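Undergrad: Residue numbers (the deposited numbering), protein chains in the order written: chain B, 50 to 291, 302 to 583, 592 to 748; chain A, 167 to 454, 461 to 485, 494 to 693, 706 to 861. I'd like to ask some things about the structure below.
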Amino acid sequence: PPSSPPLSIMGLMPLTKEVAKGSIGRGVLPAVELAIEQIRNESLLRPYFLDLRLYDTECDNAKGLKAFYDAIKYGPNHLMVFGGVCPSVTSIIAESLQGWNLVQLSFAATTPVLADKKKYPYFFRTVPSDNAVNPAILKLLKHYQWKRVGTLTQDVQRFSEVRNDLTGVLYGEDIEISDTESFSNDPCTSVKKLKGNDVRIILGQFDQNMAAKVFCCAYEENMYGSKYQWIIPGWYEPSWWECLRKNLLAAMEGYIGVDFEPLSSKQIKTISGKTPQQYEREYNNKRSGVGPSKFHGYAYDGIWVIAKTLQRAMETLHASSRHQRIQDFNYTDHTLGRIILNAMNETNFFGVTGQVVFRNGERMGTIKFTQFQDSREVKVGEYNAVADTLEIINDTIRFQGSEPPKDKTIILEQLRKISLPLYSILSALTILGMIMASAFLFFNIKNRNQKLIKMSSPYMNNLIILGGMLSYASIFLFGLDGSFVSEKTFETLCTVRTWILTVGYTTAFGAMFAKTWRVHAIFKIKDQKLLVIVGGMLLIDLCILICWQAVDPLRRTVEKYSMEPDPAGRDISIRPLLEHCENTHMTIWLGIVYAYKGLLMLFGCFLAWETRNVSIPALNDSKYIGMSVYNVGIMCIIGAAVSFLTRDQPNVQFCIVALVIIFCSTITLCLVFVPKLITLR
Amino acid sequence: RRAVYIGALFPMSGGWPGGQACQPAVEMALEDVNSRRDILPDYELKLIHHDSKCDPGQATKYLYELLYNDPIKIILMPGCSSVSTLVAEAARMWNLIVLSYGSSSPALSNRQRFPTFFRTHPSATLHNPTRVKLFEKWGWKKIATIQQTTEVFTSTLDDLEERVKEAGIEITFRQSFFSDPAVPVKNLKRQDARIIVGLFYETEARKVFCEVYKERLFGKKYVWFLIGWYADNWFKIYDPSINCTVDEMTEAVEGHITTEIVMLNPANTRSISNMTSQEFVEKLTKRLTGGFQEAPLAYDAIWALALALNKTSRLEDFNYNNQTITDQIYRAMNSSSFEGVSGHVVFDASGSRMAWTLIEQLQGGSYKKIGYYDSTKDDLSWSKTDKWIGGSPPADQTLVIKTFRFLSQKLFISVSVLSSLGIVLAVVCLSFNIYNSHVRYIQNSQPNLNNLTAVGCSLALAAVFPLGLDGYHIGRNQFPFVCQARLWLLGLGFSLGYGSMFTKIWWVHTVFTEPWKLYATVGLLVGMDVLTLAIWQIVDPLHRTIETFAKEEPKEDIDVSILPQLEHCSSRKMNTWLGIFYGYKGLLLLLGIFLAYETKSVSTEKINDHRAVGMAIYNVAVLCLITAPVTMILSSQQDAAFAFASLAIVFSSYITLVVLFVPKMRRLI
Ligand SMILES: CC(C)CCC[C@@H](C)[C@H]1CC[C@H]2[C@@H]3CC=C4C[C@@H](O)CC[C@]4(C)[C@H]3CC[C@]12C
Ligand SMILES: CC(C)CCC[C@@H](C)[C@H]1CC[C@H]2[C@@H]3CC=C4C[C@@H](O)CC[C@]4(C)[C@H]3CC[C@]12C
Ligand SMILES: CC(C)CCC[C@@H](C)[C@H]1CC[C@H]2[C@@H]3CC=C4C[C@@H](O)CC[C@]4(C)[C@H]3CC[C@]12C
Ligand SMILES: CC(C)(C)c1cc(C(C)(C)C)c2c(c1)[C@@](O)(C(F)(F)F)C(=O)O2
């Protein structure tokens, strides 16, 4: 090529084979010269042709930096620089370019921090940092609908930045980030803080040699199974593991590693006219005994980029003078670098890695998801991101269980229910005393005409026992919730659940009061008098009933416990739930009625203090009444208190309310009317 | 008349545009010396400088102009810390020397990795052992940090970590960022922590706290440590790059804290150059608030340099490629040591020539002092000018106070009144019947036993006194002497009088369908109960025991959650042991009422006490039958078990013995 200058490339990388990274220093090059030879055979840049001046870096910043200076002073006017693999050198070089009107490109800046153009403007690259994995991860989570995460990193630049982007990308993307920690060197003082939440998911964005310590404490807290899936980068050295061997090997297996993709999977015609398989054949033929690269074809793509974007550049109106000012350029045409950058901001085409384009600097690229399937690593899927897609293949992945491990818990509701048999046991006892009630009916109504019938019009007493039965079968209505209930008309019964009680007790406790009141007020119409008395008593009854029932009187209020339940033996959570009902204001509408009936007792007990000076034994047994009254008085008040002070535990709330009533009604009434059978017999 | 060029690197913007005046300051120091003849017979120290901005890229450029197209140099004088960190690694591909005056990145003490570097600004590690002091003082133990992630700091913080692990302090959080500082603080507030350390630069910080006000991190429990070598007003100034005001940080940063280091010799001594800090400062002000505290290090540094040069002696006969002169002068500086403006100006790896520090607070508008300190003795001088909105240091976590559920002592007194009245009535009827203890309607009923009855009831009436009270300022130390007092007092009060009448009833079946057989029968009865007690009582006694409920959400104080606990004596097998006992005792009156069902309308005219006897007996029986399960079940609500508990007993006596002698009283008439 004699007509033109050799157009600038300033090449920077390892060259010796003293350093392990020195591998790369020569493990990539031959494909680079391969493309050079291709463009030699094609010669796009007619009238111009290309060339490169290689130098050493050694990734000790001094040597490479001096070498950079050296290639400056003792060389031609260069335009573009290629390379920068070791981090510390490139993070240096990046900012020195704004002073010389340069642009650079390279193929190892996984160091993400370079995204800030406001810091490092003139930089470009081809390889995707760890930053452009998060889109993939997001989409993965969507495709499994996992929606709760426990983040975890370790405090250095290169990872903390990843985290502080991920937090920024999930804005308006309906998943939370609950917990968080970090650490420097000792991780285990954190994983148990995390286990304290029993969370099901792990992100981990941390360097190689720490996984040992990580899982060594994990096993000692035992996070593994199905319920715990993990995410890690994939750029680790495969077979990286060389406190316990087998413990880990059993524990770890089944995670996800993730990283950049080396190459595509598809043999479509390229820009060159070639294919991946052709590429690697050309590769392995081009080498004999040198280690294999993985960040090479990206490089080749970049060289083709350099070519075509150069071509874009020289497609310029003032090509007349610029086709020489290539050559007389003295490191200082600011406009030129602006030209080049504006050019490449919209470069766009295909290569081995699919299309390759830029956004603020960064590649849109291709991704390797992998899983660790029983002592080896395997591909699992793929994520094109420029189209915001995904491809996953069956019969490849695996969990240790079978299902997507859900991310929260065995939450369960489990509406409590008082007394499995308590609907039955004591209710049958009620039926016992009830049939005794009907027995008293039979053996009472039999006689109906005898010396004892005139002692008392027994229809009054029939009414008493009527209210008895009513009050007495009220109980089962409290035997209601839990089973036999989803109707939501619970409020409907409760109205009845007091209506019945009120009436039965009221009437059947006024009757004998009025019996003896009549006996006195004659002695010191007869029967419809007492219907008048109770038709007035209805006014008190219904007036209080409906005043309570002003708005609703009954609001089904589900009350929630502490959700502190774990007793299933099934790894679940049951938020204990219960019910109740009030006038949705306060518990004031009750001492009213308790007082109303205490007044019945007392003014009825005016007859009692009469009886205490009456010469009772003529015809009746108010003595039999007084024991009853004191008994029931104290018992009812106790029930009234103990209920409201224990709306909480219902398991007994239904019992004690039974025992009070059953003792009251039965061992009052039954063993009071028994004398009226001793008489007959 | 010889002279030697120098290049050197300075600030004008960015992290520390303070050496604006140091540049003239060193010019002053320079023209000091060529005037003197003990300095150099021939050489006159020249200078070059360039602006850097503390942007290493532009600095790299100026460096390239310095070496590659610049005059022959030997030595360099840079500023901020990143830049030194660079050029040190850069040097040894020329075999230079270098010295910095400002930079404190501790990692540079690695003489091996960095052979040819010298400092005078001490390694900033000295900031730390200060800090632990306050962490030992105000009782703080759990912390979060953030930081910008340059080499200068990360190592500093890793040093912090161990320098408190010696004192077992915890670290439980970290963050990091480069220039988008927004999110990690948002991460912080959702890890709720109270304390903050920061370690960063100005033009970050303004942005930082600007954002911080938009998530409400200040005031009562949001304390911040920072750095002191900022300006004294850094936050007041216009930010062209945010959406904040002035007043918001003027109110939001309030309370924060700073530390820094004293550089000058605070004393008053003639210098080597016939100078002192006073006239020093005068000259600075003469040559021209920000960027001043730090200059003197030059006026020590270069003096030390030229002293090296009096030591050493060709000089213009130099090359980068040579190595020998560097080793000469490097041994020189390894040996170099004297006393100058700052103090005992000497070099080492610890960077701890100095020892004297500075604390500083901010209290509403500007910066102020609290005390000073020196680490060599752990000696802390204080001045007692602090402030907190609250009046005392908060503590990195809402602390839990473990109070007790009191027993509402305001009500205790009421039933105590009832107790006293019952006592009055008891002794009244007691001395009554024994006084007029001779009649037929009086002596023909054996009221001695009735007196016993009232007496036992008085004992169980005292039973309010011991057991109604723990959860107030009553004992707090010795419960068991009163705890067990419920038990002995009970039956000695209860079962005795209860059986005192039972004996009377026992005859109506056992006799009608003496009074030494009787008295000893009672002795057998009481002692039966008592020995069956003591087998469990003095063998298996109780003790004061504590129980607790769930944590709560008080919200009746500044910030502290409440964890109540309760207390009452019990042993580990009180499940059935205690209720079946109550049942045993109860069977007596169960049969007592059977005896009542017998002895109705059967007077027998011998003892004139059956009628309301049975009535009272029934009255008691129901109360016991009720109260046992109820105090059993309703124990976890300690507050009102007592409510029923003794009222029963009161409404026993006040409706038991009352009946006993009133007709007998009326029998007098
Ligand atoms: C004739 C008289 C003596 C009968 C009076 C009945 C009384 C004892 C009944 C009626 C209403 C009841 C109250 C209903 C509501 C409450 C509020 C609760 O937080 C404590 C119990 C308490 C305070 C109950 C105690 C017993 C009570 C006051
Ligand atoms: C038959 C008689 C003796 C029964 C009387 C019941 C009495 C003891 C009840 C009814 C109302 C109750 C009061 C309700 C309100 C208060 C105010 C509180 O700050 C102190 C307790 C105190 C003062 C209670 C003490 C006990 C109390 C007075
Ligand atoms: C016949 C007698 C014994 C029955 C007396 C019923 C008593 C035990 C009832 C009626 C009113 C009730 C009180 C209602 C209000 C309060 C205030 C609360 O902050 C503590 C409970 C307390 C103090 C209750 C305890 C039980 C109580 C005192
Ligand atoms: C305990 C005692 C006071 C002796 C008593 C108990 C009863 C019960 C039926 C409740 C067991 C009783 C009476 C007295 C009566 O004489 C009456 F007066 F109450 F009528 C009666 O027959 O019933």
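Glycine residues also receive a C-beta, built at the ideal position from the N, C-alpha and C atoms.
#1: Rank B:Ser-515, B:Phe-572, B:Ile-484 by C-alpha distance to the C-alpha of B:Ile-534 and give the top, closest one.
#2: Per DSSP, what are the beta-bridge partners of B:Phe-409 in this structure?
#3: Flag B:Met-694 as yes when its Cβ comes closer than 6 Å to any non-hydrogen atom of ligand 4, and as no otherwise.
#4: Under 7 Å Cβ to Cβ from A:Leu-579, same chain only, skipping five residues before and after it: list those, please.
#5: Find the residues of chain B that neighbour A:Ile-825, judging by a C-beta separation of less than 8 Å, and give them in chain order.
#6: May I ask you to report which of helix, strand or coil DSSP gives B:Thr-334?
#7: For B:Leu-612, which residues of its own chain have a beta-carbon under 7 Å away from its beta-carbon, when the five flanking residues on both sides are left out?
#8: Under 7 Å, CB to CB, which of the residues in the segment 257-269 of chain A have a partner in chain B?
#9: Can you find a CB in chain A that lies within less than 7 Å of the CB of B:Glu-225?
#10: Which same chain residues end up closer than 7 Å to A:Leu-817 when comparing Cβ atoms and leaving out the 5 residues on each side of it in sequence?
#11: Which whole-angstrom value is the C-beta distance of B:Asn-213 and A:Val-349, which I expect to be below 8 Å?
#12: Would you kindly report the start and end of the unbroken beta strand (DSSP E) that includes A:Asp-559?
#13: Any Cβ of chain B within less than 7 Å of the Cβ of A:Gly-223?
#14: Following a CB-centred definition, is B:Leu-712 positioned closer than 6 Å to any heavy atom of ligand 2?
#15: Residues around ligand 2, please: the condition is that the C-beta lies closer than 5 Å to some non-hydrogen atom of it.
#16: In chain order, which continuous runs of the beta strand (DSSP E) of length 3 or greater are located wholly inside the segment 428-486 of chain B?
#17: Mind pulling the chain A residues with CB within less than 8 Å of B:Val-162?
#18: Helix, strand or coil: how does DSSP classify B:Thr-65 here?
#19: Less than 6 Å separating the Cβ of B:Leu-738 from some heavy atom of ligand 4?
#20: Have a look at B:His-579, B:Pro-287, B:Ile-224, B:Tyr-342 and flag the residue whose alpha-carbon is nearest the alpha-carbon of B:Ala-685.
#21: Let's see if you can read the secondary structure: which residues bound the beta strand (DSSP E) around B:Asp-105?
#22: Can you tell me whether DSSP reads B:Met-630 as helix, strand or coil?
#23: Select from A:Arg-285, A:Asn-631, A:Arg-736 the residue whose C-alpha is nearest the C-alpha of A:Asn-657.
#24: What whole-angstrom Cβ distance do A:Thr-442 and A:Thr-435 have, given they're in contact under 8 Å?
#25: In terms of alpha-carbon separation, which member of B:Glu-225, B:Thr-160, B:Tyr-531, B:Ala-567 lies closest to B:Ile-494?
#26: With 8 Å as the limit, tell me which residues of the segment 234-255 of chain A have their beta carbon closer than that to any beta carbon of chain B; keep them in chain order.
#27: Applying a beta-carbon distance threshold of less than 8 Å, which residues of chain A neighbour B:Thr-654?
#28: Tell me which residues share the same chain as A:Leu-300 and place their Cβ nearer than 8 Å to its Cβ, disregarding the 5 neighbours each side in the sequence.
#29: Find the residues of chain B that neighbour A:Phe-446, judging by a C-beta separation of less than 9 Å, and give them in chain order.
#30: Taking a cut of 8 Å between CB atoms, which residues from the segment 316-334 of chain A lie near chain B?
#31: Does the CB of A:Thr-226 have a neighbour CB from chain B at under 7 Å?
#32: Do you know offhand how far B:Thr-551's Cα is from B:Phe-670's?
#33: Just the C-alpha distance for B:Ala-567 and B:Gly-526, rounded to the nearest angstrom, thanks.
#34: A:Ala-256 and A:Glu-317: beta carbons closer than 7 Å?
#35: Where does A:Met-415 fall in DSSP's three states?
#36: To which residues of the same chain is B:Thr-334 closer than 6 Å at the C-beta, ignoring the five residues directly before and after it?
TA: Let me lay it out:
#1: Locating residue 534 of chain B in the first sequence gives position 475, counting from the first residue. Taking only the C-alpha atoms, the option nearest B:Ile-534 is B:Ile-484.
#2: Within the first sequence, residue 409 of chain B is the residue found at index 350, counting from 1. Its beta-bridge partners are B:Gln-414.
#3: In the first sequence, counting from the first residue as 1, residue 694 of chain B sits at position 627. Yes, Cβ of B:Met-694 sits closer than 6 Å to a heavy atom of ligand 4.
#4: Along the second sequence, read from residue 1 onward, the residue named residue 579 of chain A stands at position 399. Excluding residues within five positions, the ones whose Cβ falls inside 7 Å are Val-752.
#5: Along the second sequence, one-based indexing puts residue 825 of chain A at 633. Within chain B, the residues near A:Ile-825 are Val-719.
#6: Here residue 334 of chain B corresponds to residue number 275 of the first sequence, with the count starting at 1. In this structure, B:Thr-334 counts as coil in the three-state DSSP scheme.
#7: Locating residue 612 of chain B in the first sequence gives position 545, where the first residue counts as 1. For B:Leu-612, where only same-chain residues beyond five positions count, the Cβ hits under 7 Å are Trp-558.
#8: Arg-258, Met-259
#9: Your numbering for residue 225 of chain B matches position 176 in the first sequence. Not closer than 7 Å to any Cβ of chain A, the Cβ of B:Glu-225 fails to qualify, so no.
#10: Sequence index remark: in the second sequence, residue 817 of chain A carries index 625 (1-based). Closer than 7 Å at Cβ, skipping near neighbours: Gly-778.
#11: Numbered from its first residue, the first sequence carries residue 213 of chain B at position 164. Numbered from its first residue, the second sequence carries residue 349 of chain A at position 183. Indeed, because the Cβ distance is near 5 Å, the residues count as touching under 8 Å.
#12: Position 379 of the second sequence, counted from the first residue, corresponds to residue 559 of chain A. Where A:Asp-559 is concerned, the enclosing beta strand (DSSP E) stretches over 559-562.
#13: Taking the first residue of the second sequence as 1, we reach residue 223 of chain A at position 57. Yes, A:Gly-223 lies at the interface with chain B (some Cβ there is under 7 Å from its Cβ).
#14: Within the first sequence, residue 712 of chain B is the residue found at index 645, counting from 1. It does not: the Cβ of B:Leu-712 is nowhere closer than 6 Å to a heavy atom of ligand 2.
#15: Ordered by chain, the residues meeting the criterion of a beta-carbon within less than 5 Å of a non-hydrogen atom of ligand 2 are A:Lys-590, A:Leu-591.
#16: With a minimum length of 3 residues, the continuous beta strand (DSSP E) runs that stay inside the segment 428-486 of chain B are 436-441.
#17: Residue mapping note: residue 162 of chain B aligns to position 113 of the first sequence, counting from 1. Those within 8 Å of B:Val-162 in chain A are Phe-344.
#18: Taking the first sequence and counting its residues from 1, one reaches residue 65 of chain B at position 16. Coil.
#19: Start at 1 with the first residue of the first sequence, and residue 738 of chain B comes out as number 671. Taking the Cβ of B:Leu-738 as the reference point, at least one heavy atom of ligand 4 falls within a distance shorter than 6 Å.
#20: The residue labelled residue 685 of chain B in the question sits at position 618 within the first sequence. Taking only the C-alpha atoms, the option nearest B:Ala-685 is B:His-579.
#21: The count along the first sequence starts at 1 and reaches residue 105 of chain B at position 56. Element bounds for B:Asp-105: 102-105.
#22: Here residue 630 of chain B refers to the residue found at position 563 when the first sequence is read from its first residue. Looking at B:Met-630 - three-state DSSP - the assignment turns out to be coil, as it is neither helix nor strand.
#23: Numbered from 1 along the second sequence, position 477 holds the residue referred to as residue 657 of chain A. Considering only alpha carbons, the answer is A:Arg-736.
#24: Mapped onto the second sequence, residue 442 of chain A falls at position 276. Mapped onto the second sequence, residue 435 of chain A falls at position 269. Confirmed, about 7 Å.
#25: Your numbering for residue 494 of chain B matches position 435 in the first sequence. B:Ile-494 has its Cα closest to that of B:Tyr-531, out of B:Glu-225, B:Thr-160, B:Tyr-531, B:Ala-567.
#26: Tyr-234, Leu-252, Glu-255
#27: One-based indexing of the first sequence puts residue 654 of chain B at position 587. By Cβ distance, chain A contributes nothing, its closest Cβ being about 16 Å from B:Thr-654, past 8 Å.
#28: Reading the second sequence from its first residue, position 134 is the one you call residue 300 of chain A. Only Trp-306 meet the Cβ criterion.
#29: On the second sequence, residue 446 of chain A is found 280 positions in, with the first residue counted as 1. Against chain B, a Cβ distance below 9 Å from A:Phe-446 picks out nothing, because the smallest value is about 37 Å.
#30: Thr-320, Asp-324, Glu-327
#31: Position 60 of the second sequence, counted from the first residue, corresponds to residue 226 of chain A. Yes, A:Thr-226 lies at the interface with chain B (some Cβ there is under 7 Å from its Cβ).
#32: For the purposes of this step, residue 551 of chain B is identified with residue 492 of the first sequence, where counting begins at 1. For the purposes of this step, residue 670 of chain B is identified with residue 603 of the first sequence, where counting begins at 1. Whole-angstrom Cα-Cα distance: 34 Å.
#33: By 1-based counting over the first sequence, the position of residue 567 of chain B is 508. By 1-based counting over the first sequence, the position of residue 526 of chain B is 467. Taking the straight line joining both Cα atoms gives about 5 Å.
#34: As a working mapping, residue 256 of chain A is identified with position 90 in the second sequence. As a working mapping, residue 317 of chain A is identified with position 151 in the second sequence. Note that the C-beta distance between A:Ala-256 and A:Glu-317 is not below 7 Å.
#35: Residue numbering aside, residue 415 of chain A sits at position 249 when the second sequence is read from its first letter. A:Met-415: helix per DSSP, three-state reduction.
#36: Position 275 of the first sequence, counted from the start, is the residue given in the question as residue 334 of chain B. The residues are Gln-326.
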